[PDB]
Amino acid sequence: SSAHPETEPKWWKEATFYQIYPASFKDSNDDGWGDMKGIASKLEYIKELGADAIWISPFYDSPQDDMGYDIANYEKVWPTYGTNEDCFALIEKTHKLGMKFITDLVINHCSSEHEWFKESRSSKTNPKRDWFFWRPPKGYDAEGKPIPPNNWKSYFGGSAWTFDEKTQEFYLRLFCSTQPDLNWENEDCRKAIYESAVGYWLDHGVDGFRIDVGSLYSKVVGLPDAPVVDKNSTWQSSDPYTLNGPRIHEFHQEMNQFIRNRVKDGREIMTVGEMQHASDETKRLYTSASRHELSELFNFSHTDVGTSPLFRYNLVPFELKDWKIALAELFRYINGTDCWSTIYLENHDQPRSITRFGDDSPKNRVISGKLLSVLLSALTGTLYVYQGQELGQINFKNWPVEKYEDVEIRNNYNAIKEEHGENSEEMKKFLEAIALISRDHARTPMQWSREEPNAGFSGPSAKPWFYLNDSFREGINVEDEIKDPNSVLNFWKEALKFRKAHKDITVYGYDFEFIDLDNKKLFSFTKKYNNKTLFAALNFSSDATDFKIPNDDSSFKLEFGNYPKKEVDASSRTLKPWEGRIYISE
């Protein structure tokens, strides 16, 4: 383990994080929105699950055009969620339970309602004009409409620019129209960002930051037109010119130094960057401890499987190997380095992992939910569990498009309607995809009980901000799952206990090797820690599946699995449907 600097323990390496989506976690005042007092009331539940730390999605003052990721004030809690004092009380309560607290750092862009943007947009001559990207039209079209400065596509569909009537210029917004990109080329802007979004929260005791689209801060000079890679799309991906740009490491080093110099009590701060996509070299430049940039990053390959690289909302076939390789992208690069990795299958931007990677049928949703827990329990990195994942939550079914709340759905729908027609093959493919892939499958209220109609998220007379998934009626809820010894919730409790008990090789294990990589059903691997070997055999199918343990001997003991502990034959070399097993040899 000495030739593996990645094994050096840190609180944030071995902490299991639980991600809370504040709108949807727990309402305490029957207004249909989750809130801070709601979260506070459920910290014990989170601790009892086995979480060591929480990450709360944005709770700052926001118009909610992107459900909190459009921030109007970094230094004020959104009143619907509570007051600043409620937040400080929440941080303290989390701490007094022995848990760490990270907040969402959203500084690629702010709300157009932020005072910085209100000033910037007021004239062409004000001191904050160049805190954002303003450009004149590229002339006007045959209809008299201004033409945007370039052909870039918004992440949510359509053009990445919005015209401002007052100053007669476009501003850049890679996300929704009211999320103008901050200009990191402006040093005054960077310093103001650090003071408000970072320093304020360090001063109030956060243990770290989850850094929203942290790979987008550096724009290639000139904001050039992107090459035409999609011939059936008016607008083009800006990635070559916005993703992992030439100053991105400079910026992350600067912010890292700011954090180090701002902390007052010498505490260890974790940063997890939502970096989206990166080569292994880029990952190393971000996460090597000696680089003083990020602690770790999220990489999207594993959550991209089954989607077109050209458009997330066009489905394509995939096989198990594709997902194996994509998952391994999170962690293989750290082997024998001072880097660190993340492990997750769910967040507020993703559909449910049982639906995507297991089998969400009534017959198989429990066992396959447990299989996913066995897999995650054994992988190297900082583990994240997303609200409802521990309940074995599944995608909602048969929702009309008009029921979806997400701006990502609304904007993409409108762009397709405009470009291709509402009644088109393009729209049909889109509608097919949203049923599997929409971020909204993560965002329905947390299911605390079987109580009609709001499942204990809010009182029965309240109208939740977004519709409940019908699955609460099928026993996917906290109250019912606590009482069922066979539940996914109770299984996740066991999985976290297992992972912690064997943390040297589960959290810090190295020399990961696939066994039978090509297998369409068997997901198998080994890991090492000194004299120890972990061997995983995981059957991602309803068919029984054979496996072999490399260098098999008597020393391999069955330590964890999802079939009943008293009924598993550890010597057997065929997995039952959806069966997973972790063996450890010392």
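Start at 1 and count along the sequence shown; that's the residue number.
- Per-stretch averaging of Cα B factors for 227 to 235 and 429 to 437 places 227 to 235 on top.
- Higher mean CA temperature factor, per the PDB entry, when comparing 469 to 477 with 335 to 343: 469 to 477.
- Of the candidates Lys124, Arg291, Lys96, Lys283, the one whose C-alpha carries the top B factor in the deposited record is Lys124.
- Of the candidates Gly245, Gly205, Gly214, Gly139, it is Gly139 whose Cα B-factor is highest according to the PDB record.
- Split the chain's modelled residues into thirds by C-alpha temperature factor. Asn562 is in the middle one.
- Looking at the C-alpha B-factors along this chain, the one for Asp61 belongs to the lowest third.
- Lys26: CA B factor lies in the lowest third for its chain, per the PDB record.
- When all modelled residues of the chain are sorted by CA temperature factor, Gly358 is found within the middle third.
- Per the deposited record, the Cα B-factor of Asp518 falls in the middle third when ranked against the other modelled residues of its chain.
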